[PDB]
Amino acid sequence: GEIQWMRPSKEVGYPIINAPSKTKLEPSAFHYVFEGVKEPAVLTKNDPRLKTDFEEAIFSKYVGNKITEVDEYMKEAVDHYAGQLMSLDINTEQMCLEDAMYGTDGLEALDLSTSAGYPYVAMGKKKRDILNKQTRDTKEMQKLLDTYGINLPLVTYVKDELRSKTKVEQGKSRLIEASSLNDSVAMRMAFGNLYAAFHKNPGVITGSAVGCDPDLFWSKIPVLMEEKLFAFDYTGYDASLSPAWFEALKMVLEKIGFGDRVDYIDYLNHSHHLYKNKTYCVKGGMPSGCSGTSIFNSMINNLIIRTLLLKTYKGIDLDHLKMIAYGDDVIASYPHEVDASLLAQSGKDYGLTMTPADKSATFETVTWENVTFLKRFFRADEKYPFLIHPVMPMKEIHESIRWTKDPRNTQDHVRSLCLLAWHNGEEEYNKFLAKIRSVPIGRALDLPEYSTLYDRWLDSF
């Protein structure tokens, strides 16, 4: 990914976008009962915590575009993956505006909380209006489409969330590139069934984990994997993607019945952005808040791992490559061991920064004991080993519980954390419940006891 030009949104007829200069995160009722070292991310250039230029920092994610063309390896990777997806017998038809808007089996309805994007964001109108759950009114969107059309600029916000002190001092705040409701609806219409198919099929055939339910899914993973596991995480995956990776993505879509509308992928690739008062153009880079980002990122990652394997191990059998990705995150396996460090090297040649899975110092052998996927570990239940526990470290939960945006969501926020936490064991869960209940706020919450959770889990399979 690389920014081509950036300039004043007025110099080209665009309204200045407003971004709340103050975080919505404040210490929670449990801020002192639990340990944590993360704070809200820098939202403005002035933030006192800054030890470098904010503007330069937030855009440095665009490290450039390393590759230029789609080579032989990529082309083969494309073929092989497109081959697997072919076996899913995906419905290539377009999705009727209604479904694209209010959902249908395999695709949830549009999220009402997130931005409506340009022009609506500097024009006032929200999603609350245009949509209507029980009505299912295509008419308003329908009207708004013909009026403003598609392929509309992306409104870029700074994401309000917790970040390490380092990433606070270096302005490493993550950005949210929001797509207009129009684009989002169009793409959902174009790719609606693709999304459905993926959501309904997490695993090694889609090589996607998007839509998955960790509580159930973690038990199916080990079975799907090969003997030898390998994994690594990327640094700035989204922003590092070069145009060629999008082209390869279109080749896959094309090969499975969507050559029809691969044009959309073009706007994800070469895109128009609005940040504050400035406007810019980016060549490459996957926009973080578009409809499909998550999934297309996983598809591309399926192309990347294959490519690096064909390039590094001529003669490798992709048919025995068993991997599952969730965006930049990935868990993979092969009948034979492979050199992650070496694959990481080929990665640089393709514009990808790959590093030892989970900030490890160096690349170590990946095992079922140390492997993580979505920050979660894999732990077979003591009483029924054939059931695997997705295990989120407590540190993560602790960090999350020490803050809050809306006091009205404290019940749901803690409840949610409880559903992640209990997998760390009964003893751990109770210590956790104990502290939550060591202050008025906690004592008033409706939290589930271990036994209730563990039994419910057991019956869910």
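Numbering starts at 1 and follows the sequence shown.
Student: Between 392-400 and 32-40, name whichever shows the higher mean Cα B factor according to the PDB entry.
Tutor: Looking at the record's C-alpha B-factors, the answer is 32-40.
Student: Where do the C-alpha atoms have the higher mean temperature factor in this entry, in 54-62 or in 426-434?
Tutor: On average, C-alpha B-factors are higher across 54-62.
Student: If you compare 74, 178, 330, 168, which has the highest Cα B-factor in the entry?
Tutor: Largest recorded C-alpha B-factor: 168.
Student: Which one of 335, 117, 207, 243 shows the top CA temperature factor in the record?
Tutor: Answer for 335, 117, 207, 243: 117, with the highest C-alpha B-factor.
Student: Grab the CA temperature factor for residue 78 from the record and place it in the lowest, middle or highest third of its chain.
Tutor: For residue 78, whose C-alpha B-factor we compare with every modelled residue in the chain, the answer is the lowest third.
Student: Per the entry's values, where does residue 381 land by CA temperature factor relative to the rest of its chain, in the lowest, middle or highest third?
Tutor: Its C-alpha B-factor belongs to the highest third of this chain's values.
Student: Select lowest, middle or highest to describe the third in which the CA B-factor of residue 363 falls within its chain in this entry.
Tutor: Highest third of the chain for residue 363's C-alpha B-factor.
Student: For residue 453, return the chain-relative third of its C-alpha B-factor as stated in the PDB record: lowest, middle or highest.
Tutor: Middle third, going by the recorded CA B-factors of the chain.
Student: Compare the C-alpha B factor of residue 124 with those of the other modelled residues in its chain, then answer lowest, middle or highest third.
Tutor: For residue 124, the deposited C-alpha B-factor lands in the highest third.
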